[PDB]
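Protein chains in written order, with the deposited numbering: chain o4, 58 to 113; chain n5, 23 to 142; chain l8, 24 to 254; chain l2, 2 to 253; chain m5, 2 to 69. What follows is a short report on a single structure.
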Amino acid sequence: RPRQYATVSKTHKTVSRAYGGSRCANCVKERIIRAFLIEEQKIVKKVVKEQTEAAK
Amino acid sequence: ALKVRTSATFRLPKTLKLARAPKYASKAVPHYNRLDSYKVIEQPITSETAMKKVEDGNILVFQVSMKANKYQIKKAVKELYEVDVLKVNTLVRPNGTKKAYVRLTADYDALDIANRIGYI
Amino acid sequence: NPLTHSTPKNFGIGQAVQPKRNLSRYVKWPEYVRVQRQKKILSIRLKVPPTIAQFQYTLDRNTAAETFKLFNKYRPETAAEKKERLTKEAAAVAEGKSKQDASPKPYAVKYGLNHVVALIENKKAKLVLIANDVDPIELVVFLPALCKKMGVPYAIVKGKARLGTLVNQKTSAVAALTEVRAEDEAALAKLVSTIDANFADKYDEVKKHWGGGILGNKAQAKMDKXXXXXX
Amino acid sequence: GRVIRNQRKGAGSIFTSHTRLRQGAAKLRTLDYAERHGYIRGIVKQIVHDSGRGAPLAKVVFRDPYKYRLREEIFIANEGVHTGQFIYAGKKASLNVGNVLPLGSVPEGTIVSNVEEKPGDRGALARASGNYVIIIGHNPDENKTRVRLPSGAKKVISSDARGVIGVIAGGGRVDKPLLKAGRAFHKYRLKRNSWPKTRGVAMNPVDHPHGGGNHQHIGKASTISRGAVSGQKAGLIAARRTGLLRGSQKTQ
Amino acid sequence: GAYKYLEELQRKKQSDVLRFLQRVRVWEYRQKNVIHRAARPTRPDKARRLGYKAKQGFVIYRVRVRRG
RNA sequence: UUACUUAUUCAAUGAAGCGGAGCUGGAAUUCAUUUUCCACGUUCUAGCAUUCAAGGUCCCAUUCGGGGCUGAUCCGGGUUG
RNA sequence: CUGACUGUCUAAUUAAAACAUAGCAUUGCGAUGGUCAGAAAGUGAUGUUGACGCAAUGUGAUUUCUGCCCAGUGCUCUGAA
RNA sequence: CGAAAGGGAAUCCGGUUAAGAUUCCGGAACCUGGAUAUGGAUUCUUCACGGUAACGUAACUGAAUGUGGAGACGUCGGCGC
Ligand SMILES: [Mg+2]
Ligand SMILES: [Mg+2]
Ligand SMILES: [Mg+2]
Ligand SMILES: [Mg+2]
Ligand SMILES: [Mg+2]
Ligand SMILES: [Mg+2]
Ligand SMILES: [Mg+2]
Ligand SMILES: [Mg+2]
Ligand SMILES: [Mg+2]
Ligand SMILES: [Mg+2]
Ligand SMILES: [Mg+2]
Ligand SMILES: [Mg+2]
Ligand SMILES: [Mg+2]
Ligand SMILES: [Mg+2]
Ligand SMILES: [Mg+2]
Ligand SMILES: [Mg+2]
Ligand SMILES: [Mg+2]
Ligand SMILES: [Mg+2]
Ligand SMILES: [Mg+2]
Ligand SMILES: [Mg+2]
Ligand SMILES: [Mg+2]
Ligand SMILES: [Mg+2]
Ligand SMILES: [Mg+2]
Ligand SMILES: [Mg+2]
Ligand SMILES: [Mg+2]
Ligand SMILES: [Mg+2]
Ligand SMILES: [Mg+2]
Ligand SMILES: [Mg+2]
Ligand SMILES: [Mg+2]
Ligand SMILES: [Mg+2]
Ligand SMILES: [Mg+2]
Ligand SMILES: [Mg+2]
Ligand SMILES: [Mg+2]
Ligand SMILES: [Mg+2]
Ligand SMILES: [Mg+2]
Ligand SMILES: [Mg+2]
């Protein structure tokens, strides 16, 4: 119960990974993938709409 | 010229905030210490129920002021009688008097201490 | 150097938390700020009658600074000066004669509104400076035309605060000299001449014109736009 | 005579709305630079149920144009909208269900929810389960788009007023018979002390002008003039007609 | 002195000058609070008249009641 | 019948980006000129977006710390309807 | 015979066939608003609402129908004057 | 301000009185606020290792700021414990 976590040790309130508490395993996997593909495809959006720049 | 305000919000500009330098000092002569020791501890509660407590329990049972508190009770028993006070326990009698039970540390003998104070 | 990179911010809609720009335009200022700001403003739209539009005509920095450096030569008696003069005059003249006339006939700037008026009324004054900022304005509106009718050279100067310290006070409203030592009467003319061609001969023509208007910025370019564009 | 029921409702007391269980009031985003000029994305974090309002509410989280923080706005879920959808809002937005565009920026024939009367009041028209206004035309003579509200009244508003594409979710709520009385009891338990309703021709002449009896009838006309006094307004008020009709369609 | 010009001015209440002053000031007053302390008499010729001497311990207050 | 915006009236906002004009740049007319138009950061994804910002450039001798100007055009102080 | 039903009421002479109900029908209103409150108000209920809504009357489940009459009372009106 | 029935930091058995006890006695705990030292852990790859993984552990620096979770929640019923 909430205030009881203030009488307890950090290993009781985390796992060891990005988002200890907070998010759950697969929710960080999807966090990662989505992040990687978006920022990559960002450049793709950029390079491609710099091909249409030197097209006109 | 101008001035750069990064906040649309105007606020009461912090100002000096002086400090009271009187000229005729409220009270004339401060009150003497209300609740002194003799005022704190008021009277010994000598009743056969409470005598048996001093006998077989090492407890000094004094009536105390209602204004008094546990801290103040432990203090004035400790000064007025020259004794160490394990702990203090207060219950407010039905006639409004504040009965305090005081157990003395294993050093002191509360029965000795009792007819020391002068009563059996 | 190639160990630092040059990561540039976008600050366009839908990205990049906007940078602390300046909001002095958009401040929700205190009420007492807007009141004084909006009373002048209000007093800027609506046609102003001339006898108040007579003001606003202040003076040039030059004739101003000229008419000050002159007035500055006739300060009143200061505190410790009237102090000793009276320990001088009163003690000795009443221990002898000379009806207090134990002192030179003085040459001060003269001030006090009722006072400067009774001057102008009596044709005893020579050059009157009326402040352009008195409140209420009625305290003075009659002067420019009271002056004109007595033919007493006046001029509407800038600073009720200046004339003040000009007469050793916080504020003064009016300040006007009647006497002046003989070593000066020459600057008198050249000041009154150039003045009486702004505040006197101009009066009649000026009182025929009201003020006010000034749509302020937005609505004015909008009429500068309806005109420029639709013509 | 006594104070008839419909006057006692004005003071409050017993008749004020029950609002404990209500998610925050529904409102659009405040009309900021972003929406006035461009657009701004948002994710529907969840669609939720606001008590005594059949019509789901949509929670859409928008990053803060000006400060590092998230601002959750409360929309009315416009049907089709779905957890994870992206809601773009503003003059430049595109024409998809759920996005919020000014009425100028939409073609004629666009149907649209929660639209503002005066631009920036965060939503006035058609917020009821399954409703929608329709743009009937424009008119660049002051940004004023003409729309048709669910009453059928075609009222002109300013094309800078925003709406939200699509129709209000919660479709045929009033098609299912309430059946029994408890169903109705619960309906208003979450709303306001309006039910049950006693007919005033049951009353005595003191609690209603329909009141007295010897025969439950109304007495004189039950149509009362627009400008009667409270205490006589009970019945069909400015009734410009009465009786059965089946009206078909509306005002066009 | 200047007062007799304040008294006589103050009696031409529809002169274009005063109307304008009446306008700007009746606007100013509404905005300040209903009872607000007065920096200094708008009508020095009159406060004088009714007793006010411009000295310490005299206090001028403006106020706004509601008509009808 | 009607234009004005300061009285009065209403809406919001933690009074942010209103108003006028400019860089940039792509088309035009004119039988050449400025006579104007036009545009100027975000839309496959239930990521991320904060430390007066990284960069750039000047300063203090600069030991580590600061600061300024651009970065973010200028001009109105009508918060905006 | 009655009321559709469960349900409510005359605490202390009436529990019903009365009241309510769901269902049906009607009326006002798009917020500068409908209804209602207040001595007034920078006032207040509906409203954390917006016609699948709120407000106001009637009739009283289903089935089945709901005729004729706008002269009178009343309500209403993009109507001559 | 508004809950001795909602939210909520932490105690238990034994014993005892004419009448008190989850308070008293005896024993064994826990919470909180405050203190501080030693043991440990960490470190020359400075701010810990391991497990492919879900995760583990006596630990294993963290200001602004952000955010997420617990507080925190209807009713019936059968089934499991
Ligand atoms: Mg106690
Ligand atoms: Mg002196
Ligand atoms: Mg009555
Ligand atoms: Mg309420
Ligand atoms: Mg809630
Ligand atoms: Mg149906
Ligand atoms: Mg109610
Ligand atoms: Mg009820
Ligand atoms: Mg009904
Ligand atoms: Mg009924
Ligand atoms: Mg009856
Ligand atoms: Mg009656
Ligand atoms: Mg009647
Ligand atoms: Mg009947
Ligand atoms: Mg003073
Ligand atoms: Mg009145
Ligand atoms: Mg604004
Ligand atoms: Mg029979
Ligand atoms: Mg029955
Ligand atoms: Mg029954
Ligand atoms: Mg009875
Ligand atoms: Mg009887
Ligand atoms: Mg019965
Ligand atoms: Mg009827
Ligand atoms: Mg009935
Ligand atoms: Mg039927
Ligand atoms: Mg019939
Ligand atoms: Mg027939
Ligand atoms: Mg008729
Ligand atoms: Mg007829
Ligand atoms: Mg008519
Ligand atoms: Mg409290
Ligand atoms: Mg501790
Ligand atoms: Mg939560
Ligand atoms: Mg609960
Ligand atoms: Mg639940």
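By construction, the Cβ of each residue, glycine as well, lies at the ideal position given by its N, Cα and C atoms.
Here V151 (chain l8) is not near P129 (chain l8), since their CB atoms are 9 Å or more apart. Among the residues of chain m5, none has a CB under 8 Å from the CB of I64 (chain l8); the nearest is roughly 10 Å distant.
Annotation for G187 (chain l8): no beta strand (DSSP E) segment contains it, though the alpha helix (DSSP H) segment containing it runs 185 to 189. A straight line joining the alpha-carbon of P42 (chain l8) with that of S114 (chain l2) spans about 34 Å. Residue burial is scored here from C-beta neighbours: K120 (chain l8) has fewer than 16 other C-beta atoms within 10 angstroms and is therefore classed as exposed.
Annotation for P206 (chain l2): no beta strand (DSSP E) segment contains it, and DSSP assigns it neither H nor E.
Per the C-alpha coordinates, the member of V197 (chain l8), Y80 (chain l8), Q61 (chain l8), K122 (chain l8) positioned closest to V157 (chain l8) is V197 (chain l8).
By the criterion of at least three beta-carbon pairs nearer than 8 Å, the stretch 34 to 49 of chain l2 is in contact with the stretch 82 to 94 of chain l2. Looking at the backbone, the Cα of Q123 (chain l8) and that of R38 (chain m5) are separated by about 46 Å. A straight-line Cα-Cα distance of about 9 Å links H211 (chain l2) and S223 (chain l2). Counting C-beta pairs closer than 8 Å gives three or more between the stretch 12 to 27 of chain m5 and the stretch 57 to 72 of chain l8, which meets the contact rule.
Taking 7 Å as the Cβ-Cβ cut-off, the stretch 30 to 49 of chain l2 approaches chain l8 at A35, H38, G39, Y40, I41, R42, given in chain order. At a beta-carbon threshold of 9 Å, the residues of chain m5 lying near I75 (chain l8) are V18, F21, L22, ordered along the chain. Secondary structure of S59 (chain n5) (DSSP, three-state): helix. The beta carbon of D65 (chain l2) sits closer than 9 Å to some beta carbon of chain l8.
When DSSP states are grouped into helix, strand and coil, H37 (chain m5) belongs to the strand group.
Put simply, the CB of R44 (chain m5) is near chain l8, with a gap under 9 Å to one of its CB atoms.
Given a length threshold of 3 residues, each whole run of the beta strand (DSSP E) inside the stretch 138 to 204 of chain l2 is given here in chain order: 145 to 149, 155 to 159. Remark: the C-beta of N132 (chain l2) is outside contact range of ligand 11, defined as less than 8 Å to any heavy atom.
Assignment of alpha helix (DSSP H) within the stretch 107 to 148 of chain l8, counting only whole runs of 4 or more residues, yields 136 to 145 in chain order. Annotation for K198 (chain l2) indicates a beta carbon within 8 Å of some heavy atom of ligand 9. The contact set of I160 (chain l8) on chain l2, defined by CB atoms closer than 7 Å, is empty, because the minimum CB distance reaches about 41 Å. Not one beta carbon of chain l8 lies nearer than 9 Å to the beta carbon of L38 (chain n5). Fully contained in the stretch 67 to 97 of chain o4 is no beta strand (DSSP E) run of length 3 or more.
Sixteen is the threshold: when 16 or more other Cβ atoms of the shown chains lie within 10 Å of the Cβ of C170 (chain l8), as they do, the residue is buried. Closest by C-alpha distance to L82 (chain n5), out of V99 (chain n5), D58 (chain n5), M88 (chain n5), is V99 (chain n5). Within the DSSP secondary-structure output, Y123 (chain n5) pairs in a beta bridge with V83 (chain n5), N111 (chain n5).
Listed along chain l8, the residues sitting closer than 8 Å to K25 (chain n5) by beta-carbon distance are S47. In the three-state scheme derived from DSSP, where H, G and I count as helix and E and B as strand, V215 (chain l8) is classed as helix. Note that the stretch 77 to 90 of chain l2 touches the stretch 159 to 168 of chain l2; at least 3 beta-carbon pairs, one per stretch, sit closer than 8 Å. Around the Cβ of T20 (chain l2), a 10 Å sphere holds fewer than 16 other Cβ atoms; the residue is exposed. Between the beta-carbon of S47 (chain l8) and that of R27 (chain n5) there is about 5 Å, and that keeps the pair under the 8 Å contact cut.
For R57 (chain l8), no CB of chain n5 lies under 9 Å from its own CB, so it is not counted at the interface with that chain. Residue pairing for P103 (chain l2): DSSP places it in a beta bridge opposite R163 (chain l2). Interface annotation, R60 (chain l8): not in contact with chain n5, CB-CB separation never under 9 Å. Membership of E73 (chain l2) in the beta strand (DSSP E) is indicated by the continuous run 71 to 77.
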